[PDB]
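Chemist: Protein chains in written order, with PDB author numbering: chain I, 2 to 110; chain M, 2 to 110, 118 to 221; chain Q, 2 to 141, 149 to 229.
For each residue, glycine too, the CB sits at the ideal point set by N, CA and C.
The structure under discussion is supplied below as structure tokens; questions concerning it will follow.
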Amino acid sequence: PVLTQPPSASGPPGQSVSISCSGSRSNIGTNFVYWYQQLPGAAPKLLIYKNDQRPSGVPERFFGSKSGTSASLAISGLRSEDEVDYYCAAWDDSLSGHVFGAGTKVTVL
Amino acid sequence: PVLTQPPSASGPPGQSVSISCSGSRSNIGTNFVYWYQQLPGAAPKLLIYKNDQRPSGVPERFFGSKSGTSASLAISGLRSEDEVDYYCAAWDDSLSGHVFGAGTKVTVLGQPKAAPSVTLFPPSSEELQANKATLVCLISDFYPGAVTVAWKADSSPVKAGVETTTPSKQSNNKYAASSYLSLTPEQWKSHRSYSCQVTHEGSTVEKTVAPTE
Amino acid sequence: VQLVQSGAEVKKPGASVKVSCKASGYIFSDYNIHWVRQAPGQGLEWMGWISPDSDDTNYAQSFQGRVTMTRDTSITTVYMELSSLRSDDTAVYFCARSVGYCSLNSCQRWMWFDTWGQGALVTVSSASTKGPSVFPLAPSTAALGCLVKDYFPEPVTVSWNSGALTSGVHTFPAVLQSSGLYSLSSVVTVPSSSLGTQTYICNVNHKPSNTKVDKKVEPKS
Numbered sequence: 002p003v004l005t006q007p008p009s010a011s012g013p014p015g016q017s018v019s020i021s022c023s024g025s026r027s028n029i030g031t032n033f034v035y036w037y038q039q040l041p042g043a044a045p046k047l048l049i050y051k052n053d054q055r056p057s058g059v060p061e062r063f064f065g066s067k068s069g070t071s072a073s074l075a076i077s078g079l080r081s082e083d084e085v086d087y088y089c090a091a092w093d094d095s096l097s098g099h100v101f102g103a104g105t106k107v108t109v110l
Numbered sequence: 002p003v004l005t006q007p008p009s010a011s012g013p014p015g016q017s018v019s020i021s022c023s024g025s026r027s028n029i030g031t032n033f034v035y036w037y038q039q040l041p042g043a044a045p046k047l048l049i050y051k052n053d054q055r056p057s058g059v060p061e062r063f064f065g066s067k068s069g070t071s072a073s074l075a076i077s078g079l080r081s082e083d084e085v086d087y088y089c090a091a092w093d094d095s096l097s098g099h100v101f102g103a104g105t106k107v108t109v110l118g119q120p121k122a123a124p125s126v127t128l129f130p131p132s133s134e135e136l137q138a139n140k141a142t143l144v145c146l147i148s149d150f151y152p153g154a155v156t157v158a159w160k161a162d163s164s165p166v167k168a169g170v171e172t173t174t175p176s177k178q179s180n181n182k183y184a185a186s187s188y189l190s191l192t193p194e195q196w197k198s199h200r201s202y203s204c205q206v207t208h209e210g211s212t213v214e215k216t217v218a219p220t221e
Numbered sequence: 002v003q004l005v006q007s008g009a010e011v012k013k014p015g016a017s018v019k020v021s022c023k024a025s026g027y028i029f030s031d032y033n034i035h036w037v038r039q040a041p042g043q044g045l046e047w048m049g050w051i052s053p054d055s056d057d058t059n060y061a062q063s064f065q066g067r068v069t070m071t072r073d074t075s076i077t078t079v080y081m082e083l084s085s086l087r088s089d090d091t092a093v094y095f096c097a098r099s100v101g102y103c104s105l106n107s108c109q110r111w112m113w114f115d116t117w118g119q120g121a122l123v124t125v126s127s128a129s130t131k132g133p134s135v136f137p138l139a140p141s149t150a151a152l153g154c155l156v157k158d159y160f161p162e163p164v165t166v167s168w169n170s171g172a173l174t175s176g177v178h179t180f181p182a183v184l185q186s187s188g189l190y191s192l193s194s195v196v197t198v199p200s201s202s203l204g205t206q207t208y209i210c211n212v213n214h215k216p217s218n219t220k221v222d223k224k225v226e227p228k229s
């Protein structure tokens with residue numbers, strides 16, 4: 002029931018691209034999935050909560066949705082100031098603890 | 002003293018009608034009475050001045066007179082394609098200012121009712137991602153106007169800032185109206201069925217939608 | 002005669018506005034220009050006359066310091082400085098042409114208002130100029153439309169399919185919200201066989217904010 006995330010992300014600027022965050026059976030879908038980010042050398046923040054609505058204070062660039070086990074993070078345009086370290090947050094009832102992905106590193110091609 | 006006028010004039014075409022403007026002893030009689038008319042969405046224009054002579058630009062169609070407290074403006078029938086509001090003006094020495102009437106709009110005198125059509129538009133997800141939710145429903149294809157729209161959650165009506173816009177006359181011989189209601193996403197998702205009802209003075213229909221698609 | 006002028010800019014309460022209608026085709030030294038406002042749903046109120054030669058203007062018993070006037074013989078256009086704008090000031094302003102000359106408070110009974118034309122609009126609201134942030138509205149034969157909110161002042165123009173569709177495009181009346189916003193609704197009718205297949209867009213333009221948005225309408229997900 003561990004979250005599966007790629008160690009690196011290959012995102013070309015100028016066009017949209019999608020990344021996946023998948024778990025296992027009775028791990029994604031029964032509980033809501035959250036998107037979290039952290040600045041290098043600073044405290045983390047929240048990107049997308051519940052994969053339904055975007056919180057205030059965050060620009061409308063990241064689209065959050067769930068498709069079964071795989072959770073998709075849709076983006077529109079890659080900017081140089083939006084290279085924050087992205088992470089996947091989820092809740093599982095078989096562990097009584099939050100399960101986090103391996104962490105995807107976005108690098109400009 | 003405040004000069005009074007009827008809110009609207011009931012005048013059928015093909016036969017003469019007139020309007021009255023009652024005033025006071027120091028306002029009417031000792032001073033001349035002037036009548037003004039304005040086009041819908043345009044500038045006004047004087048009709049009768051000094052109660053017995055008329056301006057250049059109008060045919061021998063209208064007549065005005067003053068008799069004591071009230072003054073009468075006799076109209077030779079009514080044209081259906083030309084309907085304008087009428088004004089009454091005078092002067093008062095104690096007020097030391099020009100006083101204008103309330104305004105009389107002439108109305109023709118009977119058509120059968122139609123079948124109204126109602127639609128309800130739920131908010132989109134882009135509205136809900138900004139921590140807000142608004143609900144709007146519209147009524148159209150009805151004649152005449154004067155309709156009232158109220159919201160209903162199929163268990164009890166809700167009053168969280170309910171307003172009713174005044175009907176407006178279009179060019180295709182049809183009246184239209186709408187109602188708006190803005191809420192919070194917590195209360196919006198509390199009820200799984202929302203609808204609004206219209207009152208066509210004898211006809212009432214319901215437009216029920218769901219907060220899913 | 003002529004009275005073409007410019008539309009007055011919307012003023013918040015506690016401000017000053019100036020309106021002036023151009024005078025030409027005659028000599029501006031013999032007709033006293035008047036001023037009057039057309040309140041919606043009721044009559045009109047008057048404050049005094051302005052002779053274009055000397056300082057002999059007066060005031061009514063309801064307008065003492067709220068209205069001030071100023072003549073200008075070099076341009077032959079009258080000027081005014083409105084003060085203490087409130088909710089009762091919300092009316093369109095018309096300058097009333099008058100015949101003859103009147104300086105005393107008893108010579109105007111033979112005077113009649115000559116010409117009315119091209120008045121300016123004055124609406125008093127705390128709101129002044131704000132840029133819209135209008136978001137798409139989901140639809141429900150079938151009907152669809154986009155509603156405009158968080159903008160000021162009225163009106164805005166809603167055009168569908170880049171102005172290629174004009175049948176059924178009706179601007180529904182707005183209402184004064186508690187926060188001061190408006191809501192102009194425009195709807196079009198499409199067959200129920202095409203609801204999420206054909207792309208439908210509507211254009212709403214804002215004049216003082218210079219914001220033109222091409223918002224696509226989509227069903228609620």
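Drop a sphere of 10 angstroms on the beta-carbon of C108/Q, count the other beta-carbons inside from all chains shown, and report buried for 16 or more, exposed for fewer.
Modeler: With fewer than 16 Cβ atoms within 10 Å of its Cβ, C108/Q is classed as exposed.
Chemist: Within 7 Å of any Cβ in chain Q, is that where the Cβ of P8/M sits?
Modeler: No, because no Cβ of chain Q sits closer than 7 Å to the Cβ of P8/M.
Chemist: Which of helix, strand or coil does DSSP assign to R200/M?
Modeler: Correct three-state label for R200/M: coil.
Chemist: Just checking: is the beta-carbon of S132/M within a distance shorter than 7 Å of some beta-carbon in chain Q?
Modeler: True, the Cβ-Cβ gap to chain Q drops below 7 Å.
Chemist: For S229/Q, which three-state DSSP category applies?
Modeler: DSSP places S229/Q in coil when its eight states are reduced to three.
Chemist: Can you tell me which of the three DSSP states residue 118/I falls into?
Modeler: Since the displayed chain I opens at 2 and closes at 110, residue 118/I lies outside it and no answer follows.
Chemist: With distances taken from CA atoms, which of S9/I, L4/I, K67/I and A72/I is nearest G24/I?
Modeler: When only C-alpha atoms are compared, the closest one is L4/I.
Chemist: Since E134/M is in the alpha helix (DSSP H), which residue starts that stretch and which ends it?
Modeler: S133 to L136 is the span of the alpha helix (DSSP H), which, as asked, contains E134/M.
Chemist: Please identify, using Cβ separations under 7 Å, the residues of the region 171-196 of chain M that lie next to chain Q, in order along the chain.
Modeler: If the cut-off is 7 Å between Cβ atoms, the region 171-196 of chain M has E171, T173, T174, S176, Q178, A184, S186 and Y188 near chain Q.
Chemist: Would you list, in sequence order, the uninterrupted beta strand (DSSP E) runs of no fewer than 3 residues that lie entirely inside the region 118-199 of chain M?
Modeler: Listed in chain order, they are 125-129, 141-150, 157-160 and 183-191.
Chemist: Could you tell me whether any Cβ in chain Q is nearer than 7 Å to the Cβ of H208/M?
Modeler: Chain Q contact via Cβ: absent.
Chemist: So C96/Q packs on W36/Q, CB below 8 Å; how close in whole Å?
Modeler: The pair is a contact, with the Cβ atoms about 6 Å apart (cut-off 8 Å).
Chemist: Compute the beta-carbon to beta-carbon distance between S19/M and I76/M, rounded to the nearest angstrom, for a pair I have assumed lies under 8 Å.
Modeler: So it is a contact: roughly 6 Å between Cβ atoms.
Chemist: For the region 57-85 of chain Q, list every residue whose C-beta sits within 7 Å of some C-beta in chain M, in sequence order.
Modeler: Within the region 57-85 of chain Q, the qualifying residues are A61 and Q62.
Chemist: Are the C-beta of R55/I and some C-beta of chain M separated by less than 7 Å?
Modeler: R55/I counts as touching chain M.
Chemist: Contact criterion: CB-CB distance below 7 Å. Does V107/M meet it with respect to chain Q?
Modeler: Not closer than 7 Å to any Cβ of chain Q, the Cβ of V107/M fails to qualify, so no.
Chemist: Return the bridge partner residues of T69/Q from the DSSP annotation.
Modeler: Answer is none; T69/Q lacks a bridge partner.
Chemist: Does the region 7-16 of chain Q come close enough to the region 124-139 of chain Q that 3 or more CB-CB pairs lie under 8 Å?
Modeler: They touch, by the three-pair rule.
Chemist: Grab me the residues of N106/Q's own chain with a C-beta within less than 8 Å of its C-beta, minus the 5 sequence neighbours each way, in chain order.
Modeler: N59, listed in sequence order.
Chemist: Can you tell me which of the three DSSP states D90/Q falls into?
Modeler: Reduced to three states, the DSSP call for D90/Q is helix.
Chemist: Should the region 146-156 of chain M be regarded as contacting the region 119-132 of chain M, the criterion being three or more beta carbon pairs within less than 8 Å?
Modeler: Yes, the region 146-156 of chain M is in contact with the region 119-132 of chain M.
Chemist: From the DSSP output, read off the bridge partner residues of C89/I.
Modeler: Beta-bridge pairing links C89/I to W36/I.
Chemist: From which residue to which residue does the beta strand (DSSP E) around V37/Q run?
Modeler: Where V37/Q is concerned, the enclosing beta strand (DSSP E) stretches over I34 to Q39.
Chemist: Assuming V212/Q contacts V135/Q under a Cβ cut-off of 8 Å, what Cβ separation, rounded to an integer in Å, is found between them?
Modeler: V212/Q to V135/Q, Cβ: 6 Å. Contact.
Chemist: Under 7 Å Cβ-Cβ, which residues of chain Q neighbour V144/M?
Modeler: Those are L155 and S193, listed as they occur along chain Q.
Chemist: Compare the C-beta of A151/Q against all C-beta atoms of chain M and say whether one is closer than 7 Å.
Modeler: Interface residue, yes.
Chemist: So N106/Q contacts chain M; which residues on that side make the cut at Cβ distance below 9 Å?
Modeler: Under the 9 Å cutoff, chain M gives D94 and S97.
Chemist: Using a beta-carbon distance cut-off of less than 9 Å, what residues from the region 136-161 of chain M approach chain I?
Modeler: The region 136-161 of chain M vs chain I, Cβ under 9 Å: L136, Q137, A138 and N139.
Chemist: Once the 5 residues before and after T77/Q are set aside, which same chain residues still bring their CB inside 6 Å of it?
Modeler: Once the five neighbours on either side are set aside, the close Cβ partners of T77/Q are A24 and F29.
Chemist: Starting from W168/Q and walking both ways along the beta strand (DSSP E), at which residues does that stretch end?
Modeler: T165 to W168 is the span of the beta strand (DSSP E), which, as asked, contains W168/Q.
Chemist: So what does DSSP say about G171/Q, is it helix, strand or coil?
Modeler: Here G171/Q sits in helix by DSSP.
Chemist: Can you tell me which of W92/I, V107/I and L96/I puts its alpha carbon nearest to the alpha carbon of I29/I?
Modeler: Minimum Cα distance to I29/I is reached at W92/I.
Chemist: With burial defined as no fewer than 16 other Cβ atoms inside 10 Å of the residue's Cβ, what is the status of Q65/Q: buried or exposed?
Modeler: Under this definition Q65/Q is an exposed residue.
Chemist: I need the straight-line Cα distance from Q6/M to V123/Q, nearest angstrom please.
Modeler: Answer to the nearest angstrom: the Cα atoms are 25 Å apart.
Chemist: Which one or two residues does DSSP pair with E46/Q in a beta bridge?
Modeler: According to DSSP, which records beta bridges pairwise, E46/Q is partnered with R38/Q.
Chemist: Please compile the residues from chain Q whose C-beta is within a distance smaller than 7 Å of the C-beta of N32/M.
Modeler: Neighbours of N32/M on chain Q, chain order: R110.
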